[PDB]
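So the sequence lines, in the order shown, correspond to chains A and B.
As numbered in full-length UniProt numbering, residues 7 to 823, 840 to 1062, 1081 to 1213 make up the first sequence, in order.
Start counting the second sequence at 27; every next residue gets the next number (full-length UniProt numbering).
The beta-carbon is built from N, C-alpha and C at its ideal position, and this holds for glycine as well.
The structure appears right after this line, and notes come after that.
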Amino acid sequence: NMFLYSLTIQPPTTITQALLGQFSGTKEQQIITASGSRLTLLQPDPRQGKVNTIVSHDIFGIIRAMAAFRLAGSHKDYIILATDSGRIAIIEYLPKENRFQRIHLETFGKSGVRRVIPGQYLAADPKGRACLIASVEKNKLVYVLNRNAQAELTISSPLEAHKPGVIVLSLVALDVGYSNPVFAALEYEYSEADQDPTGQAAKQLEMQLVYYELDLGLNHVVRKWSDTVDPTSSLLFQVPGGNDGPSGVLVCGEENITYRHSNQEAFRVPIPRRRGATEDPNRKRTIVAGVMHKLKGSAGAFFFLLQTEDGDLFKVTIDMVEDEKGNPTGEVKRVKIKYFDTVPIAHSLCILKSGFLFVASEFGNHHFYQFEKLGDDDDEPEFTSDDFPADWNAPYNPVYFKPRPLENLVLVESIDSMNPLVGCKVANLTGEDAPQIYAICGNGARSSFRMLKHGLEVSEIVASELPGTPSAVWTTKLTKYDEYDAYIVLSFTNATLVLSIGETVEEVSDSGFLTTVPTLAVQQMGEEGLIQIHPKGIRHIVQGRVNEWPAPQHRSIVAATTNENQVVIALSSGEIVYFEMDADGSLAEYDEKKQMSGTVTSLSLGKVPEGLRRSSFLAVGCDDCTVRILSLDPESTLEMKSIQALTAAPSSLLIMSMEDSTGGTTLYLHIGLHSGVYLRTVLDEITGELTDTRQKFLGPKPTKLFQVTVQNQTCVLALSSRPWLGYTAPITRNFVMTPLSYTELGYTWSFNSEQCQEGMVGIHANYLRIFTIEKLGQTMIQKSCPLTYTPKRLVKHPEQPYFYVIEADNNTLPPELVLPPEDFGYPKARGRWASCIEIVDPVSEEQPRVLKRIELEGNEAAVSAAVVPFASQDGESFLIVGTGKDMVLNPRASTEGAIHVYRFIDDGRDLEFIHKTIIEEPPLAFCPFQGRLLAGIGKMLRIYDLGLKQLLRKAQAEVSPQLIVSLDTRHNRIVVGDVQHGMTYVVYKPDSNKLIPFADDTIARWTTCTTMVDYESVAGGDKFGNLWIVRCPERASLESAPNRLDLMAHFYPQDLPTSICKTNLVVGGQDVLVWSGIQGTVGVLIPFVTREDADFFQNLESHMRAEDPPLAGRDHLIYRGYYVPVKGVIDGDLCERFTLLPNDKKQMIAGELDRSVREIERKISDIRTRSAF
Amino acid sequence: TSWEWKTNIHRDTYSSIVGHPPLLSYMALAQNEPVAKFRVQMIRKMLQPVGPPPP
Ligand SMILES: [Ca+2]
Ligand SMILES: [Ca+2]
Ligand SMILES: [Ca+2]
Ligand SMILES: [Ca+2]
């Protein structure tokens, strides 16, 4: 009883943690990142200044913490994962197989994110001897990591260090050299606060820094040392230990940094305050992230980069007393803070040994910087513990600094991140076959409007006029040892043109008067000679000496395929003539010719398999809608091996060997039909029969096939109304056909040159072009433009290609009333809002552009939006905006709400403010309802009409239990999403002008988005990371608190859904549900066509659950049913991991499912490409 | 019910907010505060989310 298939179009782009390590085993460094549930391994490239993704793996769990450690006498780091599985998992990366593999998995508790079950915190000893995993309260477990005789990893049983009432804010491992491992923790005990009945014992925090020493000798853990620290202390940082420095932890709290070790005195330094005019003076700041780095080739030589809540980076250093000579001692003297540079706020920062800084932004794009570092060295004031008071309560004088643009750092890459994804809509603003996905994301001045288009990114190098419309192109080498192919040839309806490498070209050889059907240089290992076949003969050209095969009959040449050692032509009579090559002379024509029942429409010879003399197979398509495979072996030349009938006449054929999903090349026959169909079949390589057919529809134009090379991979380029590239995906290893974001082409060929290699050449409508597909794998192209504030909603003009975004940054004063806000942030101010409207034009130009901004005023913030037509205005659609004044979220504070009304002017490129009408609370939901406006204010459902000076009430009622957050409607039915109590079905009674609620949700749901799929059911998501579909029972549906909605589907994507809609993503027209997630996911739910498909994907999902369990030890069925059990949804993200298995597993699953491996592959690809992309 | 019961319910809720990165990012973004700072606020709230206990 399954009916939905969940797929991921775009994986999350957030990075809650990035970590550096030699995970490949080489001395090179790599970055491991946690993106929600994806574990991703990235390779920084110091030459190109970019960072490339090595691999990604869906944990099917929640990655809460990651630690790295090295075994003694080894150069390879292992990854410890703290997740929600209740288990500790230790995994390793395998560069030979390009896959993650876990080397340990041990259960320590029950599954989930719970208070008293470790997983929240994880730290590892710097020397790799042990690690500690802990919860917020109160459990801690220490696992000892050792090396066995086999030189493999051994794990002891955990050691308990529990202590009730203890709350942990931070946890880092001490670097004690090779002494007994010690773990530091910021803790506070609530045991006293529960005992004081009135008064407290609260409003105060007794924060302690605690040391947990692990005695390897006695194999136990004890609270060795502890002391009181600043109550505002929130972060700990590891300072180098042993010989590289004195062990210890920087304790970071409100305007406080302290060294604070057990065998050292205290050393306090403040956090400088911004000195800007907009910046509030005497505003204390805290630390949000930080890095420690030890410089090579020198003892000590370590510094810190710490980040303020504004994003400002300060460099911290430690100076220790010197002896009589000029040498350091163990005693510490001072701590020095110096302003470094301002970067976006980050979850993690990473300093690479190659001199780079990787910034994992908490929101917005990620940043890759290169160090310099020029200050000027002492241009920035420096402040030390001399003599700020080690006591946190002791008075002291504030210290200020002036922020400024980048001096020590240079930005080298900005990495596209759709985090945080506030919302998206699916619409087709161009004539293109596929609708686009428009999305609003980012935060602050780094927010953005982004459009996603399904296609492959290609860069055009040259273009030129011809000017006559050419009908074909080729590129060809005169000599088989030239790395750069010499010539470029063009063909017209009555002439032929010849070009070559360089800036300009003309003619020296070849026949330029007549049309040319193909061109190839036959003789590999024989320099001299090209062939130009044309109607009425085959011209063989060799160092200027020309010898031609006559036609010679009244018949002419209608088709031809060429190979290195072989040539095949088809005449108008239907005869096929075959030419092989002797030691000298391409005229070794076969004594006999093969007659065909009808006219030949396509020919494909296939390249010469290396190590062999010739290709053994020839593909012949005819007008009788048949494709045959004829043999070319000497013993049985031109005998028919196989035959297949086709839906339409074959317009093109192409034999080609490609990498397969099972690790070895396979010989395929690509077929292009006159109806726009593309097929890929398997050529048996011996019996020559065709099996395992794949189909796709590309466009109304007849499809044509060519062989190109992209990223050192041989790919098929199919030309239809659009160009499609068929290739084997580099990471996921399946076979993909993705369209090109490029013009329609009528002909294309592989191209080479000194300037570009493995490029391509093509023609269209009086134009020739040279392009290359620089990088594949990324099937979604993204164009973006910045916005002003953090988006909130997105609405589209009902008739014109324009969007309207409402934006609101909380706790920010209006920028006014010299520092770019995207680089340094708007000036913060408590309780003040900054909000605005922006009009976005995404298609009219090459890039999306913001046409106009409408700034709000009066501490007023936009919270909702809709485009509503009003019957009273002859159906004109207006822009409805909801706002609030003096908004405080927790607790919710109502000064006043408002509804602005705007009017579309200049076809939607601008707005005219009509009137603003004040209401009690901010309206969180609008909805067009029967030619009038529906608004949700508080628990109140209200119908407004458009009046001369205000919006006018016409009906109202209380419908939801606490707060309206979404609205939708069909006919007389209104569905109301409550902030906490799920769905509420209301019905409107026209004769009575009453809004009556008649259905409500069974369980609580913290609704975040809704849509109506039909009259009876609603699909939505909630803030705990759930997607669901509820429906009205059939007995209560005829009634036009009392009745309970039925649960029709539920699923845990883990990412928080921010928007959802029903739409069509492909011309095929399968209605799908598209949704977006806060962490960047863009996902689809696809309904199954037949019960057989539902059964196949359910059983496939089961076997994938058995043979590919979640990496971190989760149970996939329990994971996808985190809060309530799974109902109705199959996880296609798991199914699509079938391609990654070893072949024995694939064959086993193929056995249980009673389908071939290639069949399973084809159905997996098919369900995705047919209904979405 | 008992002050203890409410206190546990709130502490579990704060723990869950800190535990699930998506929810934490959602709330912190709504408040326009850094995620680490919001995390610290939530963990700090665990001391006494409701009123002091009865005598
Ligand atoms: Ca093979
Ligand atoms: Ca801007
Ligand atoms: Ca009020
Ligand atoms: Ca594999």
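Is residue i near ligand 2, in the sense that its beta carbon is under 6 Å from a heavy atom of that ligand?
| i | result |
| --- | --- |
| A:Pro820 | no |
| A:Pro797 | no |
| A:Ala1021 | no |
| A:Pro792 | yes |
| A:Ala856 | no |
| A:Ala625 | no |
| A:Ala814 | no |
| A:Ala451 | yes |
Buried or exposed: residue i, going by 16 or more other Cβ atoms within 10 Å of its Cβ?
| i | result |
| --- | --- |
| A:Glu386 | buried |
| A:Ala295 | buried |
| residue 1217 of chain A | The shown model of chain A, from 7 to 1213, leaves out residue 1217 of chain A, and the question about it has no answer. |
For ligand 4, is there a heavy atom less than 6 Å away from the beta-carbon of residue i?
| i | result |
| --- | --- |
| A:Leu1180 | yes |
| A:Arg105 | yes |
Leaving out five residues before and five after residue i in sequence, what residues of the same chain have Cβ atoms less than 6 Å from its Cβ?
| i | result |
| --- | --- |
| residue 1063 of chain A | For chain A, the structure lists 1062 followed at once by 1081, and that leaves residue 1063 of chain A out of the model. |
| A:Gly171 | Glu195, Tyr196, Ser197 |
| A:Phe66 | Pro1150, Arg1154, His1156, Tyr1159 |
| A:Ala979 | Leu963, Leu1017 |
| A:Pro101 | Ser30 |
| A:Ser1099 | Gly429, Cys430, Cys1031, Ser1116 |
| A:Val464 | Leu746, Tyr748, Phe777, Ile779 |
| A:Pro237 | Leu211, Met213 |
| A:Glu586 | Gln572, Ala594 |
| A:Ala95 | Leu87, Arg108, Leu111, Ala1152, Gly1153 |
Looking only at its own chain, which residues have a Cβ that is under 7 Å from the Cβ of residue i, when we skip the five neighbours before and after it?
| i | result |
| --- | --- |
| A:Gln972 | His937, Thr939 |
| B:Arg37 | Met72, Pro75 |
| A:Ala73 | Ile86, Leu128, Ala129, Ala130, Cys137 |
| B:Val61 | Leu50, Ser51, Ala54 |
| A:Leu47 | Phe29, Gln36, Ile38, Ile60, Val61, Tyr99 |
Considering Cα atoms alone, identify which of the options is closest to residue i.
| i | options | result |
| --- | --- | --- |
| A:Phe374 | A:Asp630, A:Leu679, A:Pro50 | A:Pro50 |
| A:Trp1115 | A:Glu695, A:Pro246, A:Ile1126 | A:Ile1126 |
| residue 1069 of chain A | A:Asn758, A:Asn994, A:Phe1178 | Here chain A is numbered 1062 followed immediately by 1081, so the structure offers no position for residue 1069 of chain A. |
| A:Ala190 | A:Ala140, A:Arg992, A:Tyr218, A:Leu696 | A:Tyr218 |
| A:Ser176 | A:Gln1110, A:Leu242, A:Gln538 | A:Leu242 |
| A:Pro164 | A:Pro1019, A:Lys146, A:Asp181, A:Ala155 | A:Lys146 |
| A:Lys850 | B:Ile69, B:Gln67, B:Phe64, B:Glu59 | B:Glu59 |
| A:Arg1053 | A:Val997, A:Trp231, A:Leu1180 | A:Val997 |
| A:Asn7 | A:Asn881, A:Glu158, A:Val1166, A:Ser1211 | A:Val1166 |
| A:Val885 | A:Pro944, A:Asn1048, A:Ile876, A:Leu819 | A:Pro944 |
Please tell me whether, using a cut-off of 6 Å, the distance from the CB of residue i to the nearest non-hydrogen atom of ligand 1 is below it.
| i | result |
| --- | --- |
| A:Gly765 | no |
| A:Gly55 | no |
| A:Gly930 | no |
| A:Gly1161 | no |
| A:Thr671 | yes |
Taking a contact to mean a Cβ-Cβ separation below 7 Å, would you say residue i touches residue j in this structure?
| i | j | result |
| --- | --- | --- |
| A:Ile1170 | A:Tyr11 | yes |
| A:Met602 | A:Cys631 | no |
| A:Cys721 | A:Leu711 | no |
| A:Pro843 | A:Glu813 | no |
| A:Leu503 | A:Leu746 | no |
| A:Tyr265 | A:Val182 | no |
| A:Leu609 | A:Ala654 | no |
| B:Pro48 | A:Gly1123 | no |
| A:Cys356 | A:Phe346 | no |
Sorted by chain position, which residues of the same chain lie with C-beta nearer than 8 Å to residue i's C-beta, five sequence neighbours on each side aside?
| i | result |
| --- | --- |
| A:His540 | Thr502, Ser517, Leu520, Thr521, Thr522, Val523, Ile563 |
| A:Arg992 | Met1034, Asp1036, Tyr1037 |
| B:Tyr40 | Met68, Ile69, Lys71, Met72, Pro75 |
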